[PDB]
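One structure is given below, encoded as structure tokens.
Positions of Cβ are backbone-derived with ideal geometry, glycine not excepted, and every protein chain shown enters the neighbour counts. Nothing in this text is a laboratory measurement; each read-out follows from the coordinates by a stated rule.
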Amino acid sequence: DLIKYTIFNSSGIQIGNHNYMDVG
Amino acid sequence: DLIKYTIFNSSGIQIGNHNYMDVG
Amino acid sequence: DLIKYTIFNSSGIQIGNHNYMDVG
Amino acid sequence: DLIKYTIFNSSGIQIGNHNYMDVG
Amino acid sequence: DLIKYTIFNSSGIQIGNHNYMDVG
């Protein structure tokens, strides 16, 4: 119900449900 | 119900539901 | 019901539902 | 019901429902 | 119900449910 995220200086952020993401 | 995100300096941000995203 | 996002300096932002986005 | 977004300096912003967008 | 994350300086962040993400 409550989603909070704090990310500083990063890459390839996968924060979801049933998500597909490849890095290359 | 409540979605909050704080991201500084990043790439390839996948924050969703049933999303498809490839980086390359 | 409530969607809030704060992103500074980024690329390839996929924040949605059932979205398709490839970066390359 | 309430959608709020704050993005500074970015590209390829996909923030919608059932959207299709490829970057290349 | 309540998800909170604090990550500084990182890459390949996989914080979701039933997500698929490979780094290479």
One decimal, nm, shortest first: give the distances between the label point of residue B:9 and those of the same position in the other copies, each label point 7 Å from Cα along Cα→Cβ. 0.5, 0.5, 1.0, 1.0
Please give me the summed charge of the neighbours of residue B:19: other residues whose Cβ is under 15 Å from its Cβ, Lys and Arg +1, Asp and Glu -1. -4
Name the shape class, rounded, prolate or oblate, that the alpha-carbon gyration tensor gives for the protein assembly as shown, where a ≥ b ≥ c are the square roots of its eigenvalues, rounded holds for a/c under 1.5, and otherwise prolate holds if a/b is larger than b/c and oblate otherwise. rounded
Note, ³J(HN,Hα) from phi for segment E:7-21, Karplus 6.51, -1.76, 1.60, rounded to Hz, x at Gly and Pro: 10, 10, 6, 7, 8, x, 8, 10, 10, x, 10, 6, 9, 10, 8
In whole Å, what is the distance between the alpha-carbon centres of chain C and chain A? 10
For the pair residue A:17/residue E:18, report the inter-label distance in nm, with labels modelled 7 Å from Cα in the Cβ direction. 0.9
Rounding to the nearest 20 debye, state how big the charge dipole of the protein assembly as shown is about its Cα centre with +1 on each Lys and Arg Cβ and -1 on each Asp and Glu Cβ. 400
If packing is taken as the average count of other Cβ atoms within 10 Å, what order do D:12-21, E:1-10, C:5-14, B:13-22 fall into, highest mean first? B:13-22, C:5-14, D:12-21, E:1-10
Within 10 Å of each residue's Cβ, count the other Cβ atoms and sort A:23, D:23 from fewest upward. D:23, A:23
